[PDB]
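Protein chains: 2
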Amino acid sequence: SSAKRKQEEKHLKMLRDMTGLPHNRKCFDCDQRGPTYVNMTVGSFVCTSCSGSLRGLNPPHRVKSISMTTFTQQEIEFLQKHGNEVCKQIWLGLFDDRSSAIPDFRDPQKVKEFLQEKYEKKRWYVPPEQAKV
Amino acid sequence: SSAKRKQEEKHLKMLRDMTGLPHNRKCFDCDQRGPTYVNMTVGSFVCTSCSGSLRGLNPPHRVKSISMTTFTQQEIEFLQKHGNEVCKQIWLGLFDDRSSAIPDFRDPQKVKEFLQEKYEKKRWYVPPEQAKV
Ligand SMILES: [Zn+2]
Ligand SMILES: [Zn+2]
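Listed in order, the protein sequences are those of chains A and A'. A prime marks a further copy of an entry chain. Heads up: the first sequence begins at 3 in PDB author numbering, then just goes up one per residue. Heads up: the second sequence begins at 3 in PDB author numbering, then just goes up one per residue.
As structure tokens, then:
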């Protein structure tokens, strides 16, 4: 459908507005490369390797392909209200970019433990209400 | 690079602005389905099957994948000044959508002859200077 097409392409335009924002240009979890997936659980943009590790959490985070998913209006709007800068202030609100503890990202076991500390144990976490203000 | 990323994502945002315009939602040549390629020779949005036939013209038209090409700023701006509505007024300026001669698009030989009439012999053509005014 053309009406279907119209909304689909609008969502992709909105998506590419977001993928060009500076914090969204690098994976939220490793900061080492460009994102290929969105992590819908928290509203971040992540790379494939980190997406694989996020699926190893329990419960696992929900990742969807940037290029292949047909995102809904609800999902696009959630992402607009989140993204990597908003997420940084929450999940990494206490993290110091110079020296806070990061894994060797070539190691899946260490990346798992790190993602657990980040999201489950909330080692560097500032609650969203505070983070926003 | 992040600066590289920024321009790349900007171009994709600009591209998706165009792919959502009503005339761009259908292949410029067959009007039968959604476009997957841009025809850079004329500035249109076309489907895969028509792209295959466009490559059979001599000289052939230059088609590039919507999803896989890294378009340049120059290319994006050309497309912004063209697209399927602008192209309709030129290449189909004399064509009647109710009854002008179209091929069975399931037939490659007939599609070739049609594209020759459209682009080479200019059967339905209005020059761009007139078409614009
Ligand atoms: Zn990553
Ligand atoms: Zn076509």
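The beta-carbon is built from N, C-alpha and C at its ideal position, and this holds for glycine as well.
Residue contact check for A':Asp109 against chain A: no CB pair falls below 7 angstroms. With its beta carbon at least 7 angstroms from every one in chain A', A:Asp99 lies outside the interface.
Using a Cβ-Cβ cut-off of 7 angstroms, A':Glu122 does not count as an interface residue toward chain A, since no Cβ of chain A sits closer than that to its own. The beta carbon of A:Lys15 sits closer than 7 angstroms to some beta carbon of chain A'. A heavy atom of ligand 1 is found nearer than 6 angstroms to the CB of A:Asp31.
Only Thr21, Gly22, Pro24, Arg27, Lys28, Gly36 from the region 21-47 of chain A' bring a Cβ to less than 8 angstroms from some Cβ of chain A. Rounded to whole angstroms, the separation of the alpha carbons of A:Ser102 and A:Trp126 is 9 angstroms. Taken atom to atom, the span from the alpha-carbon of A':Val113 to that of A:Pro62 is near 50 angstroms.
Separation of A':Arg27 and A':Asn60 (C-alpha to C-alpha, rounded to the nearest whole angstrom) is 27 angstroms.
Contact annotation for A':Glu11 against chain A: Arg18, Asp19, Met20, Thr21, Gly22, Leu23, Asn26, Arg27 [CB-CB distance below 9 angstroms, chain order].
The alpha-carbon of A:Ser51 is positioned some 53 angstroms away from that of A':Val128. When 7 angstroms is used as the limit between beta carbons, A':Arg7 is near these residues of chain A: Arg27, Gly36, in chain order.
Neighbourhood of A:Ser4 in chain A', by CB distance below 8 angstroms: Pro24, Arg27, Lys28, in chain order. If you look at A:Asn41, you'll find it isn't in any alpha helix (DSSP H); it sits in the beta strand (DSSP E) that goes 39-41. For A:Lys66, the uninterrupted beta strand (DSSP E) run begins and ends at 65-67, by DSSP. In the DSSP assignment, the residues bridged to A:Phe47 are A:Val40.
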